[PDB]
Every structure is written in structure tokens, then in C-alpha cells.
2 protein chains.
Amino acid sequence: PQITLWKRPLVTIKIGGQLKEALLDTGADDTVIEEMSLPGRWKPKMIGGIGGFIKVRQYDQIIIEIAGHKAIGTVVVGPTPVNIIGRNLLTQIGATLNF
Amino acid sequence: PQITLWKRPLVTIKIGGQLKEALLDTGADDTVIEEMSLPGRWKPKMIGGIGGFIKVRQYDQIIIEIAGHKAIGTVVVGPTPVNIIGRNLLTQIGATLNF
Ligand SMILES: CC(C)CN(C[C@@H](O)[C@H](Cc1ccccc1)NC(=O)O[C@H]1CO[C@H]2OCC[C@H]21)S(=O)(=O)c1ccc(N)cc1
Ligand SMILES: [Cl-]
Ligand SMILES: [Cl-]
Ligand code: NA
């Protein structure tokens, strides 16, 4: 699809068996999801943005279905205000910015 | 152009006659620029990001070139880690997300 940007580019994702709404975010290096359980090992990390840093749990090799497209990569979990699909997974679904 | 997302989508902007680097950010509602001087009056605004909120100075109808494309709109100034071009100006330059 071609998504215009008059409004937030929100899509449905499936992660860890759960459907969630997430923002397609070219400004995010990493994919950041609100608190949930995910399987496997994790390690703590800090990520920073406007307003400062939050502590997250980093899970590797997580599969997410993004608007019907599967992708695998690292997902960090923590007290983000919005679920964010960052560049590490946007690349995997072939997303580009065009103008 | 068509911008892939393997690297941060950084572009050159021109604002007040000065060139700056900025991130094309579909996850940003608003365009947020590091401290600089802009003409006219400003209004207060709070923006909420990943680590909480910040106060910014909102300037309207600012002339800004983005990757060679002319925009005139709202720019807010404050302590952002990087200059971000948000959807308010991405729409003016005709940007879409495509996959
Ligand atoms: C500021 C950017 C360099 C990075 N951010 C992604 C960005 O798109 C966030 C993504 C975002 C979106 C909503 C809430 C929090 C974070 N947007 C944002 O802060 O936008 C602010 C300016 O416009 C306003 O509209 C949206 C919030 C305001 S970030 O959320 O801080 C971020 C930082 C590091 C990682 N790894 C992943 C995400
Ligand atoms: Cl990854
Ligand atoms: Cl590619
Ligand atoms: Na893992």
C-alpha cells in the first residue's frame, strides 16, 4: 500500500499471539512495544528520544506480522507511550519513503 | 526520490538561510528543531515523546526547504536529540510510505 501522512500511519500487528496497533516510524531505529511477555532470553537496554530515556527489555529473533507482512528481528519492550515499528523491521517489509 | 530505511533517512534542510541535517520521521506529528533563532512570535506547546514530555516554542508559517522541496509551516524549537521533520511538513512535500 501507499500510506499518506495526513494522519498517523497506524497499522495492525500480530506479536506474541496478540493483535496490537502500531505506528510505522521511519524516525525509530528500533521497534518498541508496550509491556508484554515474549518468549526467550532478553537483556536490558536504554533507549532515548524526546523527553529522555526509558529502560526496555531487548528480545532477539521475534516474529511480527505487520499489516499482513511477516518480519523477524529484535523487539524491545518497555513503557513506551505508543507501539512503534522502527527501521529494523520496516526494511524487512520493503517499506520506503517516497516524494 | 525513493528512500529505503537501512540507514536513518537524513536529509539536508534549509531554514533561516542555514543548512541543517534532519530526520524524516513518520512517527512525528510535528517538526521539531534544535535551538535556533526564528522570526516572529511563538506560542507554547508540549510535545510527548518516548521518555516524556518537553516544552517547545511553536513558530507558525516558517519557510523551510526539505531535501530541495519548499515548505511553509509550523516548526517547534526545543531540546530534541535530532532535528525531526514530522508529518505536518512531510505532507507538504508529498511524502508517502510505501510497501
Ligand atoms: C525522536 C526520534 C529521533 C526517535 N523516536 C521516534 C519518533 O518517531 C517518536 C515516536 C513516538 C510517537 C509518539 C509518542 C512517543 C514516541 N516521535 C516523536 O517523538 O514525535 C514527537 C514530535 O511529534 C509528536 O508527535 C508524536 C510524539 C511527538 S523515539 O520514539 O524517541 C525512539 C528512540 C529510539 C528508538 N530506538 C526507537 C524510538
Ligand atoms: Cl533487528
Ligand atoms: Cl531494499
Ligand atoms: Na530470542
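The numbering scheme counts residues from 1 along every chain following its written sequence, independent of the entry's numbering, with residues that lack coordinates not shown. As a convention, the first chain written is A and the first ligand written is 1, with the rest following in written order. To get the side-chain values, all heavy atoms of the structure are used, and hydrogens and water are removed first.

- Method of determination, as annotated in the archive: X-ray crystallography, at 1.46 Å resolution.

- The PDB entry annotates chain A as Protease originating from Human immunodeficiency virus 1.

Some details on the overall build of chain A
- In terms of helices and strands, chain A carries 1 helix and 9 strands.
- For the purposes of this entry, the term helix denotes a DSSP run of H or I that reaches at least four residues, the term strand denotes a run of E that reaches at least two, and both are numbered from the N terminus. In sequence order, chain A lays out its α and β elements as β-β-β-β-β-β-β-β-α-β.
- Relative to the 2.2 N^0.38 estimate, which gives 13 Å for 99 residues, the radius of gyration of chain A is 13 Å and therefore close to what a compact globule would have.
- On the principal axes, the C-alpha backbone points of chain A span a range of 40 × 30 × 20 Å.
- Type-normalised accessible area, obtained with a 1.4 Å probe on protein chains alone, sets the label of each residue: buried when under 20%, exposed when over 50%, and partly exposed for intermediate values. Burial analysis of chain A (99 residues in total) assigns 49% to the buried set.
- In this description, contact between two residues means that some pair of their heavy atoms is separated by no more than 4.5 Å. By sequence separation, contacts in chain A at least 24 residues apart represent 46% of the contacts at least 6 residues apart.
- Averaging the positions of the 11 positive and the 8 negative side-chain charges in chain A gives two centres separated by 3 Å. For the radius of gyration, the atom set is restricted to C-alpha positions; the globular benchmark scales as 2.2 Å times the number of residues to the power 0.38. When charges are counted, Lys and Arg contribute as positive and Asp and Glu as negative, whereas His and the chain ends are disregarded. Charged side chains are reduced to one point each, which is NZ for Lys, CZ for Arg, CG for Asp and CD for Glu.

Looking at the site of ligand 1
- A single heavy atom is enough: if one lies within 4 Å of a molecule or strand, its residue is considered near that molecule or strand. Looking at ligand 1, there are 24 residues lining it, with A:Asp25, A:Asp30, B:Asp25, B:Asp29 and B:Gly48 nearest.
- More than a single chain frames ligand 1: its nearby residues are located in chains A and B.
- A:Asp25 is positioned with one of its side-chain polar atoms (N or O) 2.6 Å from an oxygen atom of ligand 1.
- For the shell around ligand 1, the per-class residue count stands at 12 nonpolar, 6 polar and 6 charged. By the criterion applied in these results, polar contacts are pairs of N or O atoms within 3.5 Å in which, for protein atoms, one can donate a hydrogen and the other can accept it, and in which residues neighboring in sequence qualify only through two side-chain atoms. Residue classes follow a fixed rule: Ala, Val, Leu, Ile, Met, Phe, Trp, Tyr, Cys and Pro count as nonpolar, while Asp, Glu, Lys and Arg count as charged, and any other residue, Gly among them, counts as polar.

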